[PDB]
Amino acid sequence: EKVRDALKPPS
Amino acid sequence: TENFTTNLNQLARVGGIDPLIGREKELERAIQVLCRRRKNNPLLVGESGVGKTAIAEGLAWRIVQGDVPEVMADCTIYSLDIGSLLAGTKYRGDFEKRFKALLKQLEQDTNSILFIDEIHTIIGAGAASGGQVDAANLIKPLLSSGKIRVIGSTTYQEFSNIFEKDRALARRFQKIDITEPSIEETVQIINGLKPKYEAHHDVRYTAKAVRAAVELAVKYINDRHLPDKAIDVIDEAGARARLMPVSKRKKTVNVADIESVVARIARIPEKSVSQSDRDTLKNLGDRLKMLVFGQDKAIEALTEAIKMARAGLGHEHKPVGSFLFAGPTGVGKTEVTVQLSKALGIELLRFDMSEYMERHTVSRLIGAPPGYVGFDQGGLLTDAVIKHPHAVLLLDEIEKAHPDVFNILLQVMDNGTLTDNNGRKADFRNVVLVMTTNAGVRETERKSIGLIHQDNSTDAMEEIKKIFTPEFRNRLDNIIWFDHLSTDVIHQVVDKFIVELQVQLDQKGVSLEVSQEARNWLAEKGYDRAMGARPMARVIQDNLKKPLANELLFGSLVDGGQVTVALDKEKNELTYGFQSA
Ligand SMILES: Nc1ncnc2c1ncn2[C@@H]1O[C@H](COP(=O)(O)OP(=O)(O)OP(O)(O)=S)[C@@H](O)[C@H]1O
Ligand SMILES: Nc1ncnc2c1ncn2[C@@H]1O[C@H](COP(=O)(O)OP(=O)(O)OP(O)(O)=S)[C@@H](O)[C@H]1O
Ligand SMILES: [Mg+2]
Numbered sequence: 016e017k018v019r020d021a022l023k024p025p026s
Numbered sequence: 169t170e171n172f173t174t175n176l177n178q179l180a181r182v183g184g185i186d187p188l189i190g191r192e193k194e195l196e197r198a199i200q201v202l203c204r205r206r207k208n209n210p211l212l213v214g215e216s217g218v219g220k221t222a223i224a225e226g227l228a229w230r231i232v233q234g235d236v237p238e239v240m241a242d243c244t245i246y247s248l249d250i251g252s253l254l255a256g257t258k259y260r261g262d263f264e265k266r267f268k269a270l271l272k273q274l275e276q277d278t279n280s281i282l283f284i285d286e287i288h289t290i291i292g293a294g295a296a297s298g299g300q301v302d303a304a305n306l307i308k309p310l311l312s313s314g315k316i317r318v319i320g321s322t323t324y325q326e327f328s329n330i331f332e333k334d335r336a337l338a339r340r341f342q343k344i345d346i347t348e349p350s351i352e353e354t355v356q357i358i359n360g361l362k363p364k365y366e367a368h369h370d371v372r373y374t375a376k377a378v379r380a381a382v383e384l385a386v387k388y389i390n391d392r393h394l395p396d397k398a399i400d401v402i403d404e405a406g407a408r409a410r411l412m413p414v415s416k417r418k419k420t421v422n423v424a425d426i427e428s429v430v431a432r433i434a435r436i437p438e439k440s441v442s443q444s445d446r447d448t449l450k451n452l453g454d455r456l457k458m459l460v461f462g463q464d465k466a467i468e469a470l471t472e473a474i475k476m477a478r479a480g481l482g483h484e485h486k487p488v489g490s491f492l493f494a495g496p497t498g499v500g501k502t503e504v505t506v507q508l509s510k511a512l513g514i515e516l517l518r519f520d521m522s523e524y525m526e527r528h529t530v531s532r533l534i535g536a537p538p539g540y541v542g543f544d545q546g547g548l549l550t551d552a553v554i555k556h557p558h559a560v561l562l563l564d565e566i567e568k569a570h571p572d573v574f575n576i577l578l579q580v581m582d583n584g585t586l587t588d589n590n591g592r593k594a595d596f597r598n599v600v601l602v603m604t605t606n607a608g609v610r611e612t613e614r615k616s617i618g619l620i621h622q623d624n625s626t627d628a629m630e631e632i633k634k635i636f637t638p639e640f641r642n643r644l645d646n647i648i649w650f651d652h653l654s655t656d657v658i659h660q661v662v663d664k665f666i667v668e669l670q671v672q673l674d675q676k677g678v679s680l681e682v683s684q685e686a687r688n689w690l691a692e693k694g695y696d697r698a699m700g701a702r703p704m705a706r707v708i709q710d711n712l713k714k715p716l717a718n719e720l721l722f723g724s725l726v727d728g729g730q731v732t733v734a735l736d737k738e739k740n741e742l743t744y745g746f747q748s749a
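Printed below as a string of structure tokens:
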């Protein structure tokens, strides 16, 4: 259930 | 990438890394793998505490010292902290860029080795948000090429459950098994590390103290492995000196202090019994004889067995004592065991075996019910002894229990160790095992059809043979046959119940006085050889407790007052004087 998340900035 | 990695060579040159004594065979094999054209990645797999990380880190200590082949000289070993690689890799590609940067440094120099402790953690570390691009995938191609050398360290459990699942990664790594050292080579390890522990605690260790710490730990500490199992004592022994006054043996630690530490770690009685214990031990027979009468043979067996164990003549791997108490009703089979725990001030582990008649209930002693998904996968008997290694184990009415229980105790009495389904082993070397059985009670109660009455004590023994298997009975120390209570000891038994009554009465504030003639009258009315001592309690309850109860509640004893009991010879009935206040 616990999953890591990778984000990305717009620019 | 200096933050993520640490140079063992630099760390070893200044502070030290607890040098690696021996282990020449393992290091030679590791260096052989590191000199391979391809797949030159050794993996140090072993149990915990077997020096897996001392070999990899020790290799750096040897390099600076120069005790390595010329091919290994000038090599730098770097230890990877995966926690720092994944420190701030929130944005996509931070981990891959960060991790790949580290590999380029290793490939560029080509004379650097990477040490990854707990290597099983790179199988799912920061791969992606539901992605399969993990660190193991990023290192895999480089490992096969042979451009970089990586030393791994992982336990057997982790290597099989996790590392072995990735067959591709396991292929690259050459498993180098590490084995627990022997007693002789182990003392050499402590001698080499001793200078580091002596300086830290400002103490000195004797030649015999080290030999004893190793041998004693192996004997008693069974949940650890030898290289570290023997350093916990050494390390803890020196700490004791610091806590003690500066003038109190701070300079050196002797063999006596070492055995003290082991006793605390294993929660077992220490050797060199104090004079306090001796007084209690010598008086153990007399104290028990004041609460249980007519069973001196049983008390002698229990006390003597305990004395042999403390003296150092006990069984090597068997328990302190395994006994089977068979006898008529109310003869003190369970009372002597219950009072033994109070005399020794140790926990009583009383298991009623009438609740284990079913076969499925025997799995609870060494495990959990079939198909239990929770966490409590432990056994009542195994966990009890683990919590209380020094205790009295009482299996009441064991004959009622399923025959499987007997098979469970064969290793308890022959080897001293019972293992749970999980695989952990319990120690029964200090737990006094006492069993009680009422086998052949009907044979004794009934009377033989003949002119001459027959003693059916032997019939019970034959029944014992039928119920218990020969293997189970051979392991037992001795089968004590309790005997019927004679008229002489019954007088002592009545005195015991009377004092118990007085203790209950003291709280109410009333003092009871019973004449000697009255006490004898109680014995004659309630004496029953077949029924033992329990009828004596009932006659006292019906005669003494009943009148007192009504008076205490309904009048003349609400407020504490003295009581006196006397016997009327003419009437052959007891008398009482309430005498309130
Ligand atoms: N020469 C030596 N041989 C064996 N053990 C040593 C030696 N010198 C020190 N030790 C001890 O052994 C420990 C290392 O035990 P290892 O079996 O390598 O396990 P580890 O690196 O702690 O990893 P785990 O706990 O097994 S996953 C050190 O932390 C010391 O307590
Ligand atoms: N030898 C004895 N000396 C003093 N009290 C005794 C003696 N035997 C029995 N009693 C008392 O009698 C009661 C029962 O004693 P137990 O030891 O449970 O008897 P037992 O014969 O082992 O019982 P079972 O039911 O036959 S296993 C308690 O109140 C004991 O204190
Ligand atoms: Mg009993």
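Going line by line, the protein sequences match chains S and C. To get the deposited numbering, take the position in the first sequence, counting from 1, and add 15. To get the deposited numbering, take the position in the second sequence, counting from 1, and add 168. Ideal Cβ placement from N, Cα and C applies to all residues, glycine included.
Using a Cβ-Cβ cut-off of 8 Å, state whether residue i counts as contacting chain S.
| i | result |
| --- | --- |
| C:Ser297 | yes |
| C:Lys268 | no |
| C:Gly294 | yes |
For residue i, count neighbouring C-beta atoms within 10 Å of its own C-beta (all shown protein chains included) and say buried if the count is 16 or more, exposed if not.
| i | result |
| --- | --- |
| C:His368 | exposed |
| C:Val430 | buried |
| C:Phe172 | buried |
| C:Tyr388 | buried |
| C:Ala377 | buried |
| C:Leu411 | exposed |
| C:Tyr259 | exposed |
| C:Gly591 | exposed |
| C:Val600 | buried |
| C:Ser321 | buried |
| C:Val504 | buried |
| C:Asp302 | buried |
| C:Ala698 | exposed |
| C:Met458 | exposed |
Mind pulling the chain S residues with CB within less than 8 Å of residue i?
| i | result |
| --- | --- |
| C:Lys258 | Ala21, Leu22 |
Worksheet item: Should the region 550-564 of chain C be called in touch with the region 618-633 of chain C, which here means at least 3 C-beta pairs below 8 Å?
Response: no
Worksheet entry | Beta carbon nearer than 6 Å to a non-hydrogen atom of ligand 3 | C:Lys501, C:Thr502, C:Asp564, C:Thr604
Fill in: Any 3 or more C-beta pairs closer than 8 Å across the region 642-655 of chain C and the region 488-499 of chain C
yes
Discussion item. Is it the case that the region 236-243 of chain C contacts the region 267-283 of chain C, given that we only count it when at least three CB pairs across the two stretches are under 8 Å?
Written reply: yes
Worksheet entry | Meets three-Cβ-pair contact criterion under 8 Å: the region 476-487 of chain C and the region 524-538 of chain C | no
Worksheet item: Counting pairs of Cβ atoms below 8 Å between the region 631-640 of chain C and the region 662-679 of chain C, do you hit three or more?
Response: no
Discussion item. Does the region 440-457 of chain C come into contact with the region 388-403 of chain C, if we say contact requires no fewer than three beta-carbon pairs (one atom in each stretch) closer than 8 Å?
Written reply: no
Discussion item. Counting beta carbon pairs with one atom in the region 416-431 of chain C and one in the region 459-468 of chain C, are three or more of them shorter than 8 Å?
Written reply: no
Discussion item. Three Cβ pairs or more, each shorter than 8 Å: is that satisfied between the region 321-330 of chain C and the region 181-200 of chain C?
Written reply: no
Worksheet item: Does the region 259-268 of chain C come close enough to the region 299-312 of chain C that 3 or more CB-CB pairs lie under 8 Å?
Response: yes
Practice prompt. Report yes or no: do three or more beta-carbon pairs, one from the region 230-239 of chain C and one from the region 354-368 of chain C, lie closer than 8 Å?
Written response: no
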